[PDB]
Amino acid sequence: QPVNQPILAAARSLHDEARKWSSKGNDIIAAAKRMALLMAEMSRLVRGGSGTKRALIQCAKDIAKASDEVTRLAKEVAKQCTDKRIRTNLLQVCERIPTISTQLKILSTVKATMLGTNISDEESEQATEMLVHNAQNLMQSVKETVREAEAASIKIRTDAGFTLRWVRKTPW
Amino acid sequence: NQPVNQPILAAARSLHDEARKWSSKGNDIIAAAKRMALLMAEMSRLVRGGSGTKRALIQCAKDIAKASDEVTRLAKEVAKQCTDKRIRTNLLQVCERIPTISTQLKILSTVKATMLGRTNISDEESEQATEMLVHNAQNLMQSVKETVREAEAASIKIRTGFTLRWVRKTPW
C-alpha cells in the first residue's frame, strides 16, 4: 500500500528506541510503542484518499492521547529524580510535547478536510509537508523523552512511589 | 476598541521599516513589499478579533499571498539580469521560499478563521493555531525583507531586461 515515507521513517525511528526495552512495568515504553504504531498507520492514511478522513482525525487523537500519557509519566519520573541537570532537561523536553501533539491534531484535521477539488495541488502538498515535519518533531521529542526518562531512573533516591522498570530486550 | 497580536504587528512593522527606506516610483518590489506590510498588520488585528470577521482574515491572507507572488515574480526577473552568480543565486534562494510560506499562510489563516465562531475547540488548541500563524507570519516578512535587500544588490551588478529604481527616501 502507498505510504508517506517521511512519516514512516519518523515512526520507525521511535519504534527502534522503544523496542530496546520491555513494556513490563514501564508505561512510558508501552505508550511510545503505541505512538510509533499509530503514526505508522498514519503514514498510510495521509497517502490514502478521502472516505478515510475520519480515520486520519481519530489516529491523530490517539497519537495525542498516547503522548499525554508519555508527558504525564515523564513529569512523575522527573519529580523523583535527584540530578537537577537531568530533572530540568526531562522537564524541558517533556513539557513541549503537548504543544506538538496539539499541532498534530490541527494539521491532521487540515489534511483530512483536503482528502475530498477546489483546493490547489500546492495547498495540498504544503499541508502534507507541514504534517510530515510535525510528525518528525513529535517522534523526535518522545524518543528524547524515552532516553531521558531512562537516564533519570538511574538517579532515583530513597523511596519513590512512581518507579519504572528498564529491562533491555534480547539482541539478535 | 480593537485588540492586536503584538508579534504579527512586530513582523509587519519590521518589513514596513525596510520597504519605507525606498520610493515605490519605478520599483514594483518596494510597492508590493509596502502592500504586504500593510496587509500583515491588518491580518494580525483580525486574528485577535471575534467571529464575523473571519472572511476578512481569509481574504487578507489571500491578498498577502497575491502580493508575495509579485515579489517572487519580479525578484526572479531581477535575478535573470544579474551578472554576479553569488548574488543571483542568493536572490533566487530567498525568493524561492516565499511561495511555500505564502501557501502555508493561506492554510493557517483558514484554520484560525474557522475557530472564531465556535467553542467546540480546545482553548490551548486555539493558542496553537495562533502561534503557528504567528511564526509563519514572522518567516514570511523576514523572507520578503531579505528579498528586497538582495534585489538592491542584484541591481548594482547588471549587464545590458527589467529595471528597478532604487532611490533612497529623504532623511531628517
# chains A, B, ... in the order shown; residues from 1 in each chain; ligands from 1

call {"tool": "closest_atom_pairs", "arguments": {"of": "chain B", "to": "chain A", "cutoff": "10 Å", "atoms": "only C-alpha atoms", "output": "Markdown table"}}
result
| residue | atom | partner | partner_atom | distance |
| --- | --- | --- | --- | --- |
| B:99 | CA | A:122 | CA | 9.4 |
| B:100 | CA | A:126 | CA | 7.0 |
| B:101 | CA | A:126 | CA | 8.9 |
| B:102 | CA | A:123 | CA | 9.9 |
| B:103 | CA | A:123 | CA | 6.1 |
| B:104 | CA | A:126 | CA | 6.4 |
| B:105 | CA | A:123 | CA | 9.9 |
| B:106 | CA | A:123 | CA | 8.1 |
| B:107 | CA | A:123 | CA | 7.0 |
| B:108 | CA | A:110 | CA | 8.9 |
| B:110 | CA | A:110 | CA | 9.4 |
| B:111 | CA | A:110 | CA | 7.4 |
| B:112 | CA | A:106 | CA | 9.9 |
| B:122 | CA | A:102 | CA | 9.2 |
| B:124 | CA | A:102 | CA | 7.9 |
| B:125 | CA | A:102 | CA | 5.9 |
| B:126 | CA | A:106 | CA | 9.2 |
| B:127 | CA | A:99 | CA | 9.5 |
| B:128 | CA | A:103 | CA | 6.4 |
| B:129 | CA | A:106 | CA | 7.4 |
| B:131 | CA | A:103 | CA | 9.8 |
| B:132 | CA | A:103 | CA | 8.4 |

call {"tool": "write_last_selection", "arguments": {"atoms": "N, CA and C atoms", "output": "PDB file, in the first residue's frame"}}
result
ATOM      1  N   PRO B  99       6.914  31.577  -1.947  1.00  0.00           N
ATOM      2  CA  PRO B  99       5.636  30.973  -2.329  1.00  0.00           C
ATOM      3  C   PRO B  99       5.157  29.868  -1.379  1.00  0.00           C
ATOM      4  N   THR B 100       6.087  29.085  -0.818  1.00  0.00           N
ATOM      5  CA  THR B 100       5.727  27.975   0.056  1.00  0.00           C
ATOM      6  C   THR B 100       5.240  28.516   1.417  1.00  0.00           C
ATOM      7  N   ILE B 101       5.901  29.569   1.939  1.00  0.00           N
ATOM      8  CA  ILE B 101       5.494  30.223   3.183  1.00  0.00           C
ATOM      9  C   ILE B 101       4.101  30.795   2.951  1.00  0.00           C
ATOM     10  N   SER B 102       3.947  31.571   1.850  1.00  0.00           N
ATOM     11  CA  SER B 102       2.725  32.255   1.471  1.00  0.00           C
ATOM     12  C   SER B 102       1.579  31.298   1.305  1.00  0.00           C
ATOM     13  N   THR B 103       1.839  30.040   0.885  1.00  0.00           N
ATOM     14  CA  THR B 103       0.841  28.968   0.732  1.00  0.00           C
ATOM     15  C   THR B 103       0.430  28.462   2.128  1.00  0.00           C
ATOM     16  N   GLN B 104       1.437  28.298   3.009  1.00  0.00           N
ATOM     17  CA  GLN B 104       1.235  27.874   4.389  1.00  0.00           C
ATOM     18  C   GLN B 104       0.452  28.945   5.158  1.00  0.00           C
ATOM     19  N   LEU B 105       0.610  30.238   4.804  1.00  0.00           N
ATOM     20  CA  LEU B 105      -0.149  31.328   5.420  1.00  0.00           C
ATOM     21  C   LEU B 105      -1.616  31.161   5.141  1.00  0.00           C
ATOM     22  N   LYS B 106      -1.989  30.914   3.862  1.00  0.00           N
ATOM     23  CA  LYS B 106      -3.378  30.706   3.443  1.00  0.00           C
ATOM     24  C   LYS B 106      -4.007  29.581   4.246  1.00  0.00           C
ATOM     25  N   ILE B 107      -3.279  28.435   4.370  1.00  0.00           N
ATOM     26  CA  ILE B 107      -3.747  27.250   5.087  1.00  0.00           C
ATOM     27  C   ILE B 107      -4.062  27.604   6.542  1.00  0.00           C
ATOM     28  N   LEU B 108      -3.082  28.190   7.243  1.00  0.00           N
ATOM     29  CA  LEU B 108      -3.170  28.516   8.659  1.00  0.00           C
ATOM     30  C   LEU B 108      -4.133  29.671   8.952  1.00  0.00           C
ATOM     31  N   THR B 110      -6.996  30.143   7.235  1.00  0.00           N
ATOM     32  CA  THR B 110      -8.271  29.451   7.097  1.00  0.00           C
ATOM     33  C   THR B 110      -8.549  28.661   8.381  1.00  0.00           C
ATOM     34  N   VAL B 111      -7.520  27.971   8.903  1.00  0.00           N
ATOM     35  CA  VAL B 111      -7.564  27.195  10.148  1.00  0.00           C
ATOM     36  C   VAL B 111      -7.961  28.098  11.304  1.00  0.00           C
ATOM     37  N   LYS B 112      -7.257  29.237  11.459  1.00  0.00           N
ATOM     38  CA  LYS B 112      -7.519  30.179  12.533  1.00  0.00           C
ATOM     39  C   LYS B 112      -8.918  30.734  12.423  1.00  0.00           C
ATOM     40  N   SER B 122     -10.584  23.205  21.798  1.00  0.00           N
ATOM     41  CA  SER B 122      -9.707  23.402  22.944  1.00  0.00           C
ATOM     42  C   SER B 122      -9.116  24.807  22.937  1.00  0.00           C
ATOM     43  N   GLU B 124      -6.395  25.759  24.397  1.00  0.00           N
ATOM     44  CA  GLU B 124      -4.971  25.600  24.152  1.00  0.00           C
ATOM     45  C   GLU B 124      -4.744  25.383  22.664  1.00  0.00           C
ATOM     46  N   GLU B 125      -5.633  24.605  22.054  1.00  0.00           N
ATOM     47  CA  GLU B 125      -5.540  24.299  20.631  1.00  0.00           C
ATOM     48  C   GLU B 125      -5.609  25.581  19.811  1.00  0.00           C
ATOM     49  N   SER B 126      -6.493  26.486  20.222  1.00  0.00           N
ATOM     50  CA  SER B 126      -6.663  27.763  19.542  1.00  0.00           C
ATOM     51  C   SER B 126      -5.370  28.557  19.643  1.00  0.00           C
ATOM     52  N   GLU B 127      -4.743  28.491  20.812  1.00  0.00           N
ATOM     53  CA  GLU B 127      -3.490  29.188  21.048  1.00  0.00           C
ATOM     54  C   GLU B 127      -2.453  28.623  20.095  1.00  0.00           C
ATOM     55  N   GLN B 128      -2.481  27.306  19.913  1.00  0.00           N
ATOM     56  CA  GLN B 128      -1.538  26.655  18.998  1.00  0.00           C
ATOM     57  C   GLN B 128      -1.714  27.136  17.574  1.00  0.00           C
ATOM     58  N   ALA B 129      -2.977  27.288  17.103  1.00  0.00           N
ATOM     59  CA  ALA B 129      -3.294  27.787  15.760  1.00  0.00           C
ATOM     60  C   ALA B 129      -2.817  29.229  15.553  1.00  0.00           C
ATOM     61  N   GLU B 131      -0.220  30.570  17.341  1.00  0.00           N
ATOM     62  CA  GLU B 131       1.235  30.521  17.344  1.00  0.00           C
ATOM     63  C   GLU B 131       1.779  30.108  15.980  1.00  0.00           C
ATOM     64  N   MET B 132       1.136  29.132  15.349  1.00  0.00           N
ATOM     65  CA  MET B 132       1.578  28.676  14.036  1.00  0.00           C
ATOM     66  C   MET B 132       1.453  29.809  13.023  1.00  0.00           C
TER      67      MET B 132
END

call {"tool": "residues_around", "arguments": {"residues": "residue B:37", "least_positions_apart": "6", "cutoff": "7 Å", "atoms": "only C-alpha atoms", "output": "list in words"}}
result
residues 12, 13, 15 and 16 of chain B

call {"tool": "residues_around", "arguments": {"residues": "residue B:81", "least_positions_apart": "2", "cutoff": "9 Å", "atoms": "only C-alpha atoms", "output": "list in words"}}
result
residues 77, 78, 79, 83, 88, 154, 155, 157, 158, 159, 160, 161, 162 and 163 of chain B

call {"tool": "write_last_selection", "arguments": {"atoms": "N, CA, C and O atoms", "output": "compact mmCIF listing (two decimals), in the first residue's frame"}}
result
# COMPACT_ATOMS: atom_id res chain seq x y z
N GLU B 77 12.91 37.96 -12.16
CA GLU B 77 13.25 38.78 -13.33
C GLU B 77 14.53 39.59 -13.07
O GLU B 77 15.35 39.71 -13.97
N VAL B 78 14.71 40.10 -11.83
CA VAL B 78 15.91 40.85 -11.41
C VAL B 78 17.11 39.91 -11.45
O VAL B 78 18.16 40.29 -11.95
N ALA B 79 16.93 38.67 -10.94
CA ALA B 79 17.95 37.62 -10.87
C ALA B 79 18.48 37.23 -12.25
O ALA B 79 19.69 37.04 -12.40
N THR B 83 24.58 39.89 -13.18
CA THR B 83 25.92 39.43 -13.60
C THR B 83 26.56 38.51 -12.55
O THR B 83 27.03 37.42 -12.90
N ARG B 88 23.03 36.51 -7.68
CA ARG B 88 21.94 35.92 -8.46
C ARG B 88 21.38 34.67 -7.78
O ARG B 88 20.16 34.52 -7.70
N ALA B 154 21.54 43.08 -6.50
CA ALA B 154 21.46 42.48 -7.82
C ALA B 154 21.18 43.51 -8.92
O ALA B 154 21.27 43.18 -10.11
N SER B 155 20.82 44.75 -8.52
CA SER B 155 20.55 45.85 -9.45
C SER B 155 21.84 46.61 -9.79
O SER B 155 21.95 47.21 -10.87
N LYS B 157 25.12 45.28 -10.05
CA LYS B 157 25.89 44.47 -10.99
C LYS B 157 24.97 43.85 -12.05
O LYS B 157 24.53 42.71 -11.91
N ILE B 158 24.68 44.62 -13.10
CA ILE B 158 23.82 44.15 -14.18
C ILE B 158 24.41 44.49 -15.54
O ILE B 158 25.08 45.51 -15.70
N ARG B 159 24.15 43.63 -16.52
CA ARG B 159 24.66 43.83 -17.87
C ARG B 159 23.51 44.00 -18.87
O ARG B 159 22.58 43.19 -18.90
N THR B 160 23.59 45.04 -19.69
CA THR B 160 22.57 45.31 -20.69
C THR B 160 21.17 45.20 -20.09
O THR B 160 20.38 46.14 -20.15
N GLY B 161 15.21 43.40 -20.43
CA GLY B 161 15.70 43.38 -19.06
C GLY B 161 15.00 44.40 -18.18
O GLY B 161 15.12 45.60 -18.41
N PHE B 162 14.29 43.91 -17.17
CA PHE B 162 13.57 44.79 -16.25
C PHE B 162 14.54 45.65 -15.45
O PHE B 162 15.61 45.19 -15.05
N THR B 163 14.15 46.90 -15.21
CA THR B 163 14.98 47.83 -14.45
C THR B 163 14.28 48.27 -13.17
O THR B 163 13.12 48.68 -13.20

call {"tool": "closest_residue", "arguments": {"among": "A:89, A:26, A:4, A:52", "to": "residue A:133", "atoms": "only C-alpha atoms"}}
result
A:4

call {"tool": "select_by_dssp", "arguments": {"residues": "chain B", "states": "alpha helix (DSSP H)", "output": "ChimeraX atom specification"}}
result
/B:6-19,28-48,54-81,85-114,123-156

call {"tool": "residues_around", "arguments": {"residues": "stretch 3-10 of chain B", "least_positions_apart": "5", "cutoff": "12 Å", "atoms": "only C-alpha atoms", "output": "number ranges by chain"}}
result
B: 15-17, 36-50, 127, 130-142

call {"tool": "residues_around", "arguments": {"residues": "residue B:19", "least_positions_apart": "3", "cutoff": "10 Å", "atoms": "only C-alpha atoms", "output": "PyMOL selection string"}}
result
chain B and resi 13-16+22-24+29-37+144-145+148-149

call {"tool": "residues_around", "arguments": {"residues": "stretch 70-80 of chain A", "least_positions_apart": "2", "cutoff": "10 Å", "atoms": "only C-alpha atoms", "output": "VMD selection string"}}
result
chain A and resid 26 to 32 35 64 to 68 82 to 84 86 to 91 93 to 98 142 145 to 146 148 to 150 152 to 153 155 to 164

call {"tool": "write_last_selection", "arguments": {"atoms": "C-alpha atoms", "output": "compact mmCIF listing (two decimals), in the first residue's frame"}}
result
# COMPACT_ATOMS: atom_id res chain seq x y z
CA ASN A 26 7.04 0.58 32.02
CA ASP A 27 4.08 2.58 30.70
CA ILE A 28 6.41 5.13 29.00
CA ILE A 29 7.74 2.27 26.85
CA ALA A 30 4.17 0.91 26.26
CA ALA A 31 2.80 4.42 25.24
CA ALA A 32 5.86 5.11 23.00
CA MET A 35 2.59 6.07 19.37
CA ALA A 64 -2.08 12.89 21.06
CA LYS A 65 -3.73 10.74 23.83
CA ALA A 66 -0.67 8.36 23.91
CA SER A 67 1.71 11.38 24.01
CA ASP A 68 -0.22 12.83 27.01
CA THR A 82 17.98 13.57 42.31
CA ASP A 83 20.09 15.09 39.49
CA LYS A 84 18.90 18.70 38.81
CA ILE A 86 18.63 15.55 34.26
CA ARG A 87 15.39 16.58 36.08
CA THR A 88 15.42 20.01 34.29
CA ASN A 89 16.32 18.53 30.89
CA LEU A 90 13.47 15.96 31.23
CA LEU A 91 11.04 18.69 32.16
CA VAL A 93 11.65 18.09 26.51
CA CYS A 94 8.55 16.52 28.12
CA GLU A 95 6.64 19.77 28.67
CA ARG A 96 6.97 20.65 24.98
CA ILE A 97 5.18 17.62 23.54
CA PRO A 98 1.64 18.53 24.42
CA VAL A 142 9.15 11.30 22.50
CA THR A 145 11.83 11.75 26.45
CA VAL A 146 12.28 7.89 26.49
CA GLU A 148 15.99 10.91 29.44
CA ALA A 149 13.35 9.05 31.45
CA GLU A 150 15.79 6.06 31.47
CA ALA A 152 16.57 9.88 35.19
CA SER A 153 15.55 6.49 36.66
CA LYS A 155 19.10 8.70 39.91
CA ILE A 156 16.05 7.68 41.91
CA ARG A 157 16.98 8.01 45.58
CA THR A 158 15.50 6.76 48.86
CA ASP A 159 11.89 5.67 48.38
CA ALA A 160 9.87 6.69 45.32
CA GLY A 161 6.21 5.94 44.65
CA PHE A 162 6.48 6.49 40.89
CA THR A 163 9.17 3.94 39.82
CA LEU A 164 9.82 2.40 36.37
